[PDB]
């Protein structure tokens, strides 16, 4: 597969819930930061269509609880509810969260093991050789562009093996998927987004098509809207690369990111290998930075601005 155009990653860290019932839409709208992804009204010849969107579930304090990708699938000129793609490790907690609010509402929430979550990323950055993909929508497979950024390729929800639907697709090593996210500054899951600690706008939610300022009320809206409108977001998650060999255990989440003069300009969040994310003061990412290790020499790191941010 030296000539593969696409790498297909089985995302064991992500899982699906199906939310259905007559009140599913208003119910989810009150809990999420975004509009729901509803396919456009269907034409006579009714070829199935799916829509994806990004959102967070926030707490009443305005902090991120869960990052989710939302999928709406249209088949008989109607939508049969939504799929919620969440971190596997919080699937139980997210069910309990939905149950707390689902009191007396016509809504069903169930695990959807029928589809497994895959990502499909280009083998080449901007190669544009060939093998543009086409959206697919059916109960057995949905292939749809990542709603956060085109830098994240395609999501594939399927019963079967990834490459069997993607021309020029090969199986990918999960390490490379996470490497890609950290190089591109894309947070995903509970290590990047600690529930009740990560703040949505500092997590670049508005750069990732994940928040609406026109939608009706939702949990955590008041603080989110206030933060958005009161000025520039002072701290954000940025991609970082370590420039010095790391310690055996790596960098501890929360490790302070310092200037040459020892000023705190943020904290390491999470990563893999020599790359990761750090929550940094946006005006201070420029001068050489470091983290203190056991011996106060290393560890140098460089922060950068993702090319897909606005």
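Positions refer to the first chain, counted from 1.
task = Take the C-alpha B-factors listed in the entry for 59 to 67 and for 33 to 41, compute each mean, and give the stretch with the larger one.
result = Comparing 59 to 67 with 33 to 41, the higher average CA B-factor belongs to 33 to 41.
ask   = Do the CA atoms of 242 to 250 or those of 260 to 268 have the higher mean B-factor in the entry?
value = Mean CA B-factor is higher for 242 to 250.
task = Pick out which of 46, 277, 280, 28 has the highest C-alpha B-factor in the PDB entry.
result = Highest C-alpha B-factor among the listed residues goes to 46.
query = Considering only 219, 193, 186, 140, which residue's Cα atom bears the greatest B-factor as recorded?
reply = Checking the PDB record, the top C-alpha B-factor among 219, 193, 186, 140 is at 140.
query = Which third of the chain does residue 106 land in by C-alpha B-factor: lowest, middle or highest?
reply = Its C-alpha B-factor, which the entry lists for residue 106, ranks in the highest third among residues of this chain.
query = Lowest, middle or highest third of the chain for the C-alpha temperature factor of residue 91?
reply = Within its chain, residue 91 is a middle-third residue by C-alpha B-factor, going by the deposited values.
Third of the chain's Cα B-factor distribution that residue 14 belongs to, per the entry = Tercile = lowest for this residue's CA B-factor.
query = Going by the entry, which third of its chain does the Cα temperature factor of residue 237 land in?
reply = For residue 237, the deposited C-alpha B-factor lands in the lowest third.
Position of residue 127 among the chain's modelled residues by C-alpha B-factor, lowest, middle or highest third = For residue 127, the deposited C-alpha B-factor lands in the highest third.
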